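Trainee: My structure is below; once you've seen it, I'll send some questions.
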Amino acid sequence: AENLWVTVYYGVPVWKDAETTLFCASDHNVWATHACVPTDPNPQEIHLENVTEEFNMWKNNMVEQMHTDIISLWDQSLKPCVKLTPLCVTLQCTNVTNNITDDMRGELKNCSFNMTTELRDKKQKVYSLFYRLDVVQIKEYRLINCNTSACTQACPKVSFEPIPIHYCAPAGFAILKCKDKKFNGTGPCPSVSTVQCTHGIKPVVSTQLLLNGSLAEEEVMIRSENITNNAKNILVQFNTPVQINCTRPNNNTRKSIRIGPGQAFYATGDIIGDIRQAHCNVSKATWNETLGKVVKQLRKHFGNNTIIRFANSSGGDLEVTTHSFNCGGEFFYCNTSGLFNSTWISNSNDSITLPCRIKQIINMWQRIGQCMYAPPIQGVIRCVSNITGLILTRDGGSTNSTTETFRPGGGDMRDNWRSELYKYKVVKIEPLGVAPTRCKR
Amino acid sequence: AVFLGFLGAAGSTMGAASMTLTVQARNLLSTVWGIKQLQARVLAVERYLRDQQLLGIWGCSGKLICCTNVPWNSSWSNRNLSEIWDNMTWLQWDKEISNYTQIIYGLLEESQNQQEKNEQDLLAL
Amino acid sequence: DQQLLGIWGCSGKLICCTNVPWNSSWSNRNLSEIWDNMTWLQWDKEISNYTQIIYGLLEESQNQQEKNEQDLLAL
Amino acid sequence: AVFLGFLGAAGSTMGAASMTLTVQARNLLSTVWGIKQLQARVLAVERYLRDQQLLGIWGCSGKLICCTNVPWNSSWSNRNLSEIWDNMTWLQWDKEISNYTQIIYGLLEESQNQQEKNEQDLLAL
Amino acid sequence: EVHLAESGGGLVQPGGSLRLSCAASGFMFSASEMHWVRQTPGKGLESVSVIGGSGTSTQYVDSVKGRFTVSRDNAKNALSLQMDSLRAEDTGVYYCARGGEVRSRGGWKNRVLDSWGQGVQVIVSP
Amino acid sequence: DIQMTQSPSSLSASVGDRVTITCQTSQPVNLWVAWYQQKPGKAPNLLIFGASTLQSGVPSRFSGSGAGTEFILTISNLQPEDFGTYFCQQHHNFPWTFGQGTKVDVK
Ligand SMILES: *[C@@H]1O[C@H](CO)[C@@H](O[C@@H]2O[C@H](CO)[C@@H](O[C@@H]3O[C@H](CO)[C@@H](O)[C@H](O[C@H]4O[C@H](CO)[C@@H](O)[C@H](O)[C@@H]4O[C@H]4O[C@H](CO)[C@@H](O)[C@H](O)[C@@H]4O)[C@@H]3O)[C@H](O)[C@H]2NC(C)=O)[C@H](O)[C@H]1NC(C)=O
Ligand SMILES: *[C@@H]1O[C@H](CO)[C@@H](O[C@@H]2O[C@H](CO)[C@@H](O[C@@H]3O[C@H](CO)[C@@H](O)[C@H](O)[C@@H]3O)[C@H](O)[C@H]2NC(C)=O)[C@H](O)[C@H]1NC(C)=O
Ligand SMILES: *[C@@H]1O[C@H](CO)[C@@H](O[C@@H]2O[C@H](CO)[C@@H](O)[C@H](O)[C@H]2NC(C)=O)[C@H](O)[C@H]1NC(C)=O
Ligand SMILES: *[C@@H]1O[C@H](CO)[C@@H](O[C@@H]2O[C@H](CO)[C@@H](O)[C@H](O)[C@H]2NC(C)=O)[C@H](O)[C@H]1NC(C)=O
Ligand SMILES: *[C@@H]1O[C@H](CO)[C@@H](O[C@@H]2O[C@H](CO)[C@@H](O)[C@H](O)[C@H]2NC(C)=O)[C@H](O)[C@H]1NC(C)=O
Ligand SMILES: *[C@@H]1O[C@H](CO)[C@@H](O[C@@H]2O[C@H](CO)[C@@H](O)[C@H](O)[C@H]2NC(C)=O)[C@H](O)[C@H]1NC(C)=O
Ligand SMILES: *[C@@H]1O[C@H](CO)[C@@H](O[C@@H]2O[C@H](CO)[C@@H](O)[C@H](O)[C@H]2NC(C)=O)[C@H](O)[C@H]1NC(C)=O
Ligand SMILES: *[C@@H]1O[C@H](CO)[C@@H](O[C@@H]2O[C@H](CO)[C@@H](O)[C@H](O)[C@H]2NC(C)=O)[C@H](O)[C@H]1NC(C)=O
Ligand SMILES: *[C@@H]1O[C@H](CO)[C@@H](O[C@@H]2O[C@H](CO)[C@@H](O)[C@H](O)[C@H]2NC(C)=O)[C@H](O)[C@H]1NC(C)=O
Ligand SMILES: *[C@@H]1O[C@H](CO)[C@@H](O[C@@H]2O[C@H](CO)[C@@H](O)[C@H](O)[C@H]2NC(C)=O)[C@H](O)[C@H]1NC(C)=O
Ligand SMILES: *[C@@H]1O[C@H](CO)[C@@H](O)[C@H](O)[C@H]1NC(C)=O
Ligand SMILES: *[C@@H]1O[C@H](CO)[C@@H](O)[C@H](O)[C@H]1NC(C)=O
Ligand SMILES: *[C@@H]1O[C@H](CO)[C@@H](O)[C@H](O)[C@H]1NC(C)=O
Ligand SMILES: *[C@@H]1O[C@H](CO)[C@@H](O)[C@H](O)[C@H]1NC(C)=O
Ligand SMILES: *[C@@H]1O[C@H](CO)[C@@H](O)[C@H](O)[C@H]1NC(C)=O
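Residue numbers (the authors' numbering), protein chains in the order written: chain A, 31 to 57, 66 to 141, 150 to 184, 189 to 309, 312 to 321, 321A, 322 to 398, 410 to 503; chain B, 517 to 546, 569 to 663; chain F, 589 to 663; chain D, 517 to 546, 569 to 663; chain G, 1 to 52, 52A, 53 to 82, 82A to 82C, 83 to 100, 100A to 100I, 101 to 113; chain H, 1 to 107.
Right, here's the structure in full:
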């Protein structure tokens, strides 16, 4: 009675979850745009009507791909640069006592040492200024990395500024984007669209604070893989930014020492004028309002009558303990102790000042045996940035106490990549299909 | 908005979605980063050639909507056309019948050769 | 190129005519002074501007023929 | 044993081997080691496309058995069908006829265009 | 053209009873669901009751459940609403509407109030 | 019963202005939401059904969109004949609840 016969259809709209390799799309720098495809001036997006998809930000291969690509680019950028192997020599250092305050005492060391020259016969005696975090006593001192590995000096012509990068899928695949506001990164998104490429993402490297990020369109958002478990980090996204102004006011001077044929080492000659600590400034009232919004949102998940505590970081390495970042090629580590210090109970123009310490020998990624030397920058440095998110970790969490304490977190940079690709997924099309029909060949 | 285009008919019914197969058909083809791009292009070309070969083996070469001689078994599906072509989406049907895919392919493949042999025999006379 | 040819329904054919009629606006010259008084390069140069419209017309025409063939075979 | 499958019909006669062309047709498509694998895949894709183009040029596109208009010349071979399709293997026939390959290809190529021209002329009326 | 005409409204005291009739033409009455809707003065629309094509399926809102009865006559193509124990809140304009089957752009079929009557006034005051 | 909430309650707009009306539901109703217009002393007239399909004969300026529990009616080019009370109704399950109505009048 049915007399139904099989029929083959090509081009059926069906997709399945899959993993593939995405490629560049962009409009001297570390993030090489030379080998990255030009971006279309008029990108196209197609809203899918009456289509609800499943999303989960904590199982995204895009984050891993981005991390691998960023690490590969960073490794590639440093290949054609000078290797500071001869620098591992016995230094003779003294304290700097020339126009310093009570907080910068012992921070700088004036060192002298012998070094090679272009000719392999002669030697030259030179001097330099080093930071206390870079020299370890063996009056005799040595570089911290000498007993681990010798790393290359970053070339002075490349720039560390982040450039937006768009990720595009290959032919036969598609990228689905969730346009549903108040979506918390896990569950069914009912509003979906297909996009040829991902919006511009700045690969900003920072810890304890998300800088120059994207802002929520509705209100403060809280995300976590398992909020009940304390071992899982909590990502907080603001709906408005907070301005932070970070400056190093020392007037540095750069000098070149010829250590070999076509090989120059850049050193800090001397500081002109006064010496004082670099520091950051953050608005107080804006920070208080942001923390009020954050605690209001946190009360939804962790009870209405609970006490919410913000305190200092537990401890560990300087990178995870302090807010680490860079400004104009100068690597800052700031002490964010005055911000996350307060208690909340259910019921003008002053600015918070964060002192910061500068570093030159850098191990950016969590790797051992590959450091990097940042050449000094000439003149004072200043910059302004937007705080648009936080990474928090719960302390304890046992049922014995009703007070919840949140502390700053960080360390793993994948989270910085997970705060931007939380509304994207990749699928592959399956055009072939079989159905019943009334035909007869 | 660009509601219609490529996958815009994903949420529509099968009857409505069958009218726009061409938009999906067109897009199936189109230093360290270059290697990844080349690998992706090679995989895409291989997938397209595999799909084209599978279509060709069944005798539906160069056709988007091609019916065949293999009859439909009621065991695989019991729903009638009344509640399928206008009361269901392609995604739902594919999810429902993802189990019973290969048998129909084999039946089509073995059916095509018999038709070819019969055509040769008829033309022999 | 093969996909573009196949989509129009001229798969496996070097000289394949189709159903879309010729619009006089695109070209006014007749067959008398075209097929034996002109070269392919000259014709392509003249009509390089109006390429995509006929492609779209062929694409939209092929599916109607396929649908009609299915309907006739349904009976 | 898996006697029947893929190339299992190599030792059988041409008539018996003509029933299993699809098993041969299916498999034609499918850090230092990856480069070699990619090169091999590129060569395989090129060979498959070459074979498909040669088949398409003769007008037997999308067909496994396709007899055509070119007559068989007795000079190339003298054995009759009685002692060929059930008293010989494909390898033996290819070995015997491998010298006479390109002429038939050219004849097919020049014959297809005449058929196309005649079809166009008939449809002109 | 679909035509619906209401009648039977007027003034009634609280606790009284009243019948509203709706005459329909221009379509297949037996194959269309019928809706009784009311609009109170100064308020929005509200669906009072619904009756199916066969007349066996009838539904009402909680505000009128147990007091309002909806019936249909397919032979005469007529619809009827009996109201009992009328209250002051029942005052307003009553419309009879047809639930017509329509096809969405995606290819799904549902029913909407695509045709309405002119309406009839009922005033429940002492 | 599913309750329907409209916004804004009332609005004053001039000729040629773009008018946007939002309608919200407590529970999902798929996309079975219909937008009607009412003029003074006249019965409601259907404009949108299915939350994105335009009724035959209605001018193209009226459009509808949305998903989940949020739907939007858009009048791109307000005309003198489009002033009145707009309502959004859900017809997925009985009872079919209407909105409180948005009144658009001449400024
Ligand atoms: C978040 O975003 C904000 C804004 O988008 C970022 O703040 C901006 O940061 C950039 C980079 O630091 C800064 O641009 C610099 O401004 C300086 C002052 O105008 C310039 O002097 C500087 O140019 C030097 O560096 C370039 C490479 O970056 C070189 O190409 C250029 O030639 C200059 O270098 C010369 O001078 C130096 C010093 O004398 C010398 O050593 C060199 O050899 C060479 O001779 C940059 O253009 C913007 O001004 C900042 N924006 C604002 C509003 O202040 C912020 O950094 C972002 N946050 C994070 C974490 O990245
Ligand atoms: C948007 O898509 C959804 C699903 O993809 C559509 O919901 C579907 O609506 C149809 C009505 O046409 C439902 O069919 C009904 O099924 C029940 C039970 O089988 C039956 O009793 C009814 O008579 C009717 O046939 C279908 O079940 C429903 N899908 C789901 C998953 O519930 C929706 O209609 C689409 N939007 C629009 C505007 O059409
Ligand atoms: C770091 O030490 C060097 C060497 O001791 C200082 O350079 C000397 O500066 C004095 C004047 O202050 C000169 O008289 C010497 O000739 C310099 N020595 C050489 C080798 O040039 C340098 O000034 C010190 N820098 C700081 C910041 O204290
Ligand atoms: C640079 O090299 C010179 C010569 O090798 C060093 O001077 C010698 O220092 C050692 C101390 O370990 C003495 O025993 C020698 O007598 C010194 N020789 C001369 C010629 O002075 C000098 O100390 C080196 N520079 C530094 C900073 O250590
Ligand atoms: C989130 O983490 C908690 C950790 O406590 C998970 O609950 C635990 O599950 C393990 C599994 O055997 C039990 O042994 C623990 O006793 C559980 N702890 C508590 C406090 O109940 C929880 O399952 C995680 N969430 C999800 C969705 O898996
Ligand atoms: C950060 O805030 C401090 C004050 O808490 C600023 O310190 C003042 O800086 C100005 C610079 O124009 C001086 O004139 C004042 O004498 C400073 N006062 C004090 C008490 O230090 C500091 O300049 C701010 N820095 C930034 C980058 O905004
Ligand atoms: C960070 O720097 C910006 C300017 O780079 C400051 O913006 C100034 O804010 C003051 C208010 O105290 C205004 O009077 C100025 O007109 C602003 N300048 C500009 C250029 O807009 C900002 O206040 C600084 N942030 C903090 C916390 O001090
Ligand atoms: C957060 O605050 C606590 C105390 O308020 C800091 O603890 C100090 O740590 C230094 C580091 O050696 C000690 O010298 C002090 O004695 C500690 N203070 C007390 C009261 O015990 C803690 O270091 C702060 N967090 C960070 C990241 O510095
Ligand atoms: C970050 O700042 C806090 C606040 O100044 C530091 O805590 C102080 O540490 C000093 C020791 O250097 C103690 O004498 C003070 O009593 C501490 N103050 C408080 C309120 O606890 C903290 O040490 C700084 N972080 C680091 C790594 O030094
Ligand atoms: C910090 O945030 C402000 C506010 O979002 C940014 O200023 C906006 O910049 C965008 C450029 O894409 C403009 O379209 C907006 O109109 C600006 N808004 C305001 C209120 O000015 C600012 O650019 C951000 N700073 C950085 C460095 O990203
Ligand atoms: C330098 O100063 C620091 C801190 O005042 C002190 O601990 C150190 O012994 C000093 N070194 C000298 C004077 O060589
Ligand atoms: C290098 O020296 C530091 C301090 O002297 C020590 O902590 C570190 O373990 C040493 N490196 C290795 C590889 O032992
Ligand atoms: C928020 O995340 C939780 C994680 O399990 C999920 O169950 C919930 O649906 C999410 N919220 C929304 C509105 O989707
Ligand atoms: C730093 O020193 C140089 C050299 O004397 C001078 O030209 C420059 O103005 C100084 N910078 C500042 C901010 O005063
Ligand atoms: C932390 O907050 C307390 C007030 O509860 C204040 O007394 C203390 O000085 C603060 N610490 C810092 C480092 O600002």
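Ideal Cβ placement from N, Cα and C applies to all residues, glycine included.
Write down the C-beta distance between B/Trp628 and B/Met535 rounded to the nearest angstrom, noting that I regard them as a contact closer than 8 Å.
Mentor: Taking the second sequence and counting its residues from 1, the one referred to as residue 628 of chain B is at position 90. Taking the second sequence and counting its residues from 1, the one referred to as residue 535 of chain B is at position 19. 12 Å between Cβ atoms; not a contact.
Trainee: Taking 8 Å as the threshold (beta carbon to beta carbon), is F/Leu661 in contact with chain A?
Mentor: What you label residue 661 of chain F is simply residue 73 of the third sequence in a count that begins at 1. Yes, contact with chain A.
Trainee: For F/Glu634, count neighbouring C-beta atoms within 10 Å of its own C-beta (all shown protein chains included) and say buried if the count is 16 or more, exposed if not.
Mentor: Position 46 of the third sequence, counting from 1, holds the residue named residue 634 of chain F. With fewer than 16 other Cβ atoms within 10 Å, it is exposed.
Trainee: Do A/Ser334 and ligand 7 come close, with the Cβ less than 7 Å from some heavy atom?
Mentor: What you label residue 334 of chain A is simply residue 283 of the first sequence in a count that begins at 1. Checking the Cβ of A/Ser334 against ligand 7 gives yes.
Trainee: Mind listing the chain F neighbours of B/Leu619? Cutoff is C-beta to C-beta under 8 Å, in chain order.
Mentor: In the second sequence, the residue the question calls residue 619 of chain B occupies position 81. Near B/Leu619 there are no residues of chain F at all, since even the closest Cβ is about 11 Å away, more than 8 Å.
Trainee: CB-CB under 7 Å to B/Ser615, same chain, minus the five flanking residues each way: which ones, in chain order?
Mentor: Your numbering for residue 615 of chain B matches position 77 in the second sequence. Result list for B/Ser615: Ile635, in chain order.
Trainee: What whole-angstrom Cβ distance do B/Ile603 and F/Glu654 have, given they're in contact under 8 Å?
Mentor: Here residue 603 of chain B refers to the residue found at position 65 of the second sequence. Here residue 654 of chain F refers to the residue found at position 66 of the third sequence. That pair is a contact at about 5 Å.
Trainee: Mind listing which residues of the segment 636 to 658 of chain F have their C-beta closer than 9 Å to chain B's C-betas, in chain order?
Mentor: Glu647, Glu648, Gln650, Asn651, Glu654, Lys655, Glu657, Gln658
Trainee: Quick one: complete beta strand (DSSP E) runs, 3+ long, within the segment 417 to 468 of chain A?
Mentor: 443 to 457
Trainee: To which residues of the same chain is A/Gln428 closer than 8 Å at the C-beta, ignoring the five residues directly before and after it?
Mentor: Counting from 1 along the first sequence, the entry for residue 428 of chain A is found at position 366. Here the set comprises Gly473, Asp474.
Trainee: Does the beta carbon of F/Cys598 come closer than 8 Å to any beta carbon on chain D?
Mentor: Here residue 598 of chain F is taken as the residue at index 10 of the third sequence, counted from 1. Not one chain D Cβ lies under 8 Å of F/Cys598.
Trainee: Since F/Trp628 is in the beta strand (DSSP E), which residue starts that stretch and which ends it?
Mentor: Here residue 628 of chain F refers to the residue found at position 40 when the third sequence is read from its first residue. In the DSSP annotation of this structure, F/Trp628 is not part of any beta strand (DSSP E); the continuous alpha helix (DSSP H) holding it starts and ends at 628 to 634.
Trainee: If you count every other CB in all the chains shown that lies within 10 Å of the CB of G/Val89, and 16 or more means buried, which is it?
Mentor: Residue numbering aside, residue 89 of chain G sits at position 93 when the fifth sequence is read from its first letter. The residue is buried, with at least 16 neighbouring Cβ atoms inside 10 Å.
Trainee: For A/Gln183, which residues does DSSP report across the bridge?
Mentor: Start at 1 with the first residue of the first sequence, and residue 183 of chain A comes out as number 137. Partner(s): A/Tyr191.
Trainee: For the putative contact between residue 61 of chain A and B/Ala582, defined by C-beta atoms under 8 Å, what is the C-beta separation to the nearest angstrom?
Mentor: No atoms of residue 61 of chain A appear, because in chain A residue 57 is followed directly by 66.
Trainee: So which residues put a beta carbon under 6 Å from any heavy atom of ligand 13, going in chain order?
Mentor: A/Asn234, A/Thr236, A/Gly237
Trainee: Would you report the Cα separation of A/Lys121 and A/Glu153, rounded to the nearest angstrom?
Mentor: As a working note, residue 121 of chain A is residue 83 in the first sequence. As a working note, residue 153 of chain A is residue 107 in the first sequence. Computed Cα separation, rounded: 26 Å.
Trainee: Compute every distance between the C-beta of A/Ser388 and the non-hydrogen atoms of ligand 8, then say whether any falls below 7 Å.
Mentor: Locating residue 388 of chain A in the first sequence gives position 337, counting from the first residue. Flag set: Cβ of A/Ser388 near ligand 8.
Trainee: I need the boundaries of the alpha helix (DSSP H) containing G/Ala5, first residue and last residue.
Mentor: Along the fifth sequence, read from residue 1 onward, the residue named residue 5 of chain G stands at position 5. Taken as a continuous stretch (DSSP letters only), G/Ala5 belongs to no alpha helix (DSSP H), being part of the beta strand (DSSP E) at 3 to 7.
Trainee: Among A/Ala73, A/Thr357, A/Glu83, whose alpha-carbon lies nearest the alpha-carbon of A/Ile215?
Mentor: By one-based count along the first sequence, residue 215 of chain A stands at place 165. When each option's Cα is compared against that of A/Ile215, the closest is A/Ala73.
Trainee: Of the residues that make up the segment 24 to 46 of chain G, which ones have a beta carbon closer than 9 Å to any beta carbon in chain H?
Mentor: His35, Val37, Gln39, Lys43, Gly44, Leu45, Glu46
Trainee: Write down the C-beta distance between A/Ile108 and A/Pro253 rounded to the nearest angstrom, noting that I regard them as a contact closer than 8 Å.
Mentor: Here residue 108 of chain A refers to the residue found at position 70 of the first sequence. Here residue 253 of chain A refers to the residue found at position 203 of the first sequence. Right, their Cβ atoms sit about 6 Å apart.
Trainee: Are the segment 356 to 370 of chain A and the segment 386 to 398 of chain A touching, with three or more C-beta to C-beta distances below 8 Å?
Mentor: yes
Trainee: From the DSSP output, which residues share a beta bridge with A/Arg308?
Mentor: The count along the first sequence starts at 1 and reaches residue 308 of chain A at position 258. According to DSSP, which records beta bridges pairwise, A/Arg308 is partnered with A/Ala316.
Trainee: Would you mind sorting G/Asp101 into buried or exposed? The rule is 16 or more other CB atoms within 10 Å of its CB.
Mentor: Numbered from 1 along the fifth sequence, position 114 holds the residue referred to as residue 101 of chain G. With 16 or more Cβ atoms within 10 Å of its Cβ, G/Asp101 is classed as buried.
Trainee: Can you find a CB in chain B that lies within less than 8 Å of the CB of D/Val583?
Mentor: Against the fourth sequence, residue 583 of chain D aligns to sequence position 45. Answer yes: the Cβ-Cβ gap between D/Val583 and chain B drops below 8 Å somewhere.
Trainee: Would you mind giving the Cβ-Cβ distance between A/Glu482 and A/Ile251, rounded to the nearest angstrom? I have them listed as a contact below 8 Å.
Mentor: As a first step, residue 482 of chain A is located in the first sequence; it is residue number 420 there, counting from the start. As a first step, residue 251 of chain A is located in the first sequence; it is residue number 201 there, counting from the start. Right, their Cβ atoms sit about 5 Å apart.
Trainee: Using only CA atoms, which one of A/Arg444, A/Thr337, A/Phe468, A/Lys171 lies nearest to A/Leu285?
Mentor: Numbered from its first residue, the first sequence carries residue 285 of chain A at position 235. Closest by alpha carbon: A/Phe468.
Trainee: So the candidates are A/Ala219, A/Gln130, A/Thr132; which of them puts its Cα closest to the Cα of B/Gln575?
Mentor: Numbered from its first residue, the second sequence carries residue 575 of chain B at position 37. It is A/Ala219 whose Cα lies nearest to the Cα of B/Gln575.
Trainee: Looking only at its chain, what residues have a beta carbon closer than 8 Å to the beta carbon of B/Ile573, apart from the 5 residues adjacent to it on each side?
Mentor: Along the second sequence, one-based indexing puts residue 573 of chain B at 35. So the list is empty, once near-sequence residues are dropped.
Trainee: For the segment 44 to 67 of chain H, which residues have a CB atom closer than 8 Å to at least one CB atom of chain A, in sequence order?
Mentor: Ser52, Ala67
Trainee: Would a C-beta distance cut-off of 8 Å place A/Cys239 and A/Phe93 closer than the cut-off?
Mentor: Stepping through the first sequence from its first residue, residue 239 of chain A is reached at position 189. Stepping through the first sequence from its first residue, residue 93 of chain A is reached at position 55. Yes.
Trainee: So for B/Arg617, helix, strand or coil by DSSP?
Mentor: For this step, residue 617 of chain B is matched to residue 79 along the second sequence. DSSP places B/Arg617 in coil when its eight states are reduced to three.
Trainee: List the residues of chain G that B/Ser528 touches, going by C-beta distances under 7 Å, in chain order.
Mentor: Walking along the second sequence from the start, residue 528 of chain B turns up at place 12. Those within 7 Å of B/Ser528 in chain G are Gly100B, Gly100C.
Trainee: Quick one: does the C-beta of A/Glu211 sit closer than 7 Å to a heavy atom of ligand 1?
Mentor: Within the first sequence, the letter at position 161 stands for residue 211 of chain A. A/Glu211: yes, Cβ under 7 Å from ligand 1.
Trainee: Could you work out which residue in G/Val60, G/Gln105, G/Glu97, G/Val111 is closest to H/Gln3 when comparing CA atoms only?
Mentor: By one-based count along the sixth sequence, residue 3 of chain H stands at place 3. Of the candidates G/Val60, G/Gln105, G/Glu97, G/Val111, the one whose C-alpha sits nearest the C-alpha of H/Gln3 is G/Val60.
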